[PDB]
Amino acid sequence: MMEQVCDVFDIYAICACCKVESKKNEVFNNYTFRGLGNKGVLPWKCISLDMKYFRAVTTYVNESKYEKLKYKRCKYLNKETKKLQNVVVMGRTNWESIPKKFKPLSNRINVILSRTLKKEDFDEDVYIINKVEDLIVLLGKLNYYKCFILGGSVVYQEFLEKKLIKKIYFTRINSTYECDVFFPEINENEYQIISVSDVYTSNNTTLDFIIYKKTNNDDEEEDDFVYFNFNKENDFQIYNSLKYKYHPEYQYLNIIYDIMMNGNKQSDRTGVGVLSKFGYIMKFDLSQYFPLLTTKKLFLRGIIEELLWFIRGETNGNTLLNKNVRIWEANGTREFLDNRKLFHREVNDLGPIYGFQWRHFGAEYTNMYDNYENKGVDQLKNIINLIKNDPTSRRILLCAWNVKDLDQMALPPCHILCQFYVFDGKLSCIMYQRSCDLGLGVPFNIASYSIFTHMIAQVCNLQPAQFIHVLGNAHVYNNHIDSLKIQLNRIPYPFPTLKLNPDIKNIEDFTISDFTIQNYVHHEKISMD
């Protein structure tokens, strides 16, 4: 049949939404991001990246695309056939919140909705309209590329109600501010997310940009591509329905996907069996976000305590258990130690694992209570020294794989080494991981080495840049498959941030209350079994 008005006239909404104030265990969904305005203005001071994106989207035209849009509009209306511009439509209140120096919005055809004001009341080159229908009539008369509904709660509400919106360009501002007006609850039957962007920081908040779409209910050289592909040989509907998956959480999600679809079926030490592949790299920009997975719920207390226990050079499992952190519990039982032929090892004496190697590489391990002060190589101090005093060194490495002591460890380390890189007052870190449990271990391990990059950067007067995560044997356990099918069909939220107490200037001086995660928005806890 004859198609609808949003399509012919290319009418979109663009908005920015923050999180809203209503005061441990809270539930997040798309509706979490809904705050539009407060007391006639925006809830926040300035978010310049959203303003830059807004400007980019609302001013962009493709001239060679116009001809086809022209024909289409003419055809729909039964008709023969300055620089091209977009139309922008604002509510009256919206129009009045904008400072005069910015009105009318440059390089766009401005249009205000109003009953109480008429063309006489405006000095500016703008079109006044008093009915939504009158917008449509105008779009028939104007030459323009696209039409963006710039907002106002009232304006948004009515355009979505009359189904005049083809795509919503929606910015998720990942912070909380006092709000009095709200974006309307979007119906999932009517609109689905098709694109999610990278995550960014601007003005002390993370944000991303997503695109909702209205639901389904040269010439020679492109042939050369098909030639070069001559030798190419249901569970992820949502995951596969996304056009642009640029959120960095997709680095992790794409690897699971790849292991699930193309991984090798293998037995393993545990007896569970896995799907495995060999050799991946992920990169997280810590200047922009803290990459805590949002597709399921993670907590950070344990892994921080673990890291503090590493830095103190400890190998005593009782220390963790006494803080109700059980990450190493299974690896310290009588039964487990005896299976490792460690019959003369005390329960929870984990042997010369991470802490011991970081502080005392090469010392003879005795028992977990011994005093090892000044024995072996204090690699941790050495790397901090090298970062401060020879930042361009290519030898800044922290290594836990001590070949000589492997058999005395409760189990050999998975996280083999850290290599550090300094440029322009910024610290980056590569961690190489020999064995990577994708469903359970990896999300924690990303968090751990991201925290440790921040710690090391701070005590060295640098800013953290990239955590780069190298996976050797990357594997999905079979008892994890169904849980990860659920996970890969969840859409990430903008990442949270990590704040460290800025007064901590030595690696040893950190305690648990020196760390806070801010603005963690996540899907529900999944049990992997």
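Residue numbers run from 1 along the displayed sequence. What we label the rigid core is the largest C-alpha set whose atoms superpose within 1.5 Å from one form to the other.
- Averaged as a root mean square over residues and superposed structures in 9 other deposited structures of this protein, CA distances to the shown form are larger in 221-229; the pair compared was 444-452 and 221-229 with a core fit.
- Remark: when the other structures in 9 other deposited structures of this protein are fitted onto this one via the rigid core, 116-124 deviates more than the alternative among 116-124 and 306-314, judged by RMS CA distance.
- Note: missing coordinates for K82 occur in a third or more of the other compared entries bracketing this position.
- At least a third of the other compared entries skip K23 while keeping the residues on either side.
- The modelled chain breaks between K23 and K24, where 4 to 9 residues of the deposited sequence lack coordinates.
- Count the deposited residues lacking coordinates between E233 and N234 and you get 10 or more of them.
- Between the stretches 247-255 and 127-135, it is 127-135 that shows the larger average CA temperature factor.
- Stretches 408-416 and 69-77 differ in mean C-alpha B factor, with the higher average recorded for 69-77.
- Of the candidates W328, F209, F423, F225, the one whose C-alpha carries the top B factor in the deposited record is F225.
- Which of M90, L286, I173, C179 has the largest Cα B-factor in the deposited entry comes down to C179.
- In the PDB entry, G472 places in the lowest third of its chain by CA B-factor.
- For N143, the recorded CA B-factor ranks within the highest third of the chain. Only modelled residues enter the ranking.
- In the deposited entry, the Cα temperature factor of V274 places it in the lowest third of its chain's modelled residues.
- Compared with the other modelled residues of the chain, the Cα B-factor recorded for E306 ranks in the lowest third.
- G263: CA B factor in the middle third of modelled residues in this chain (values from the PDB entry).
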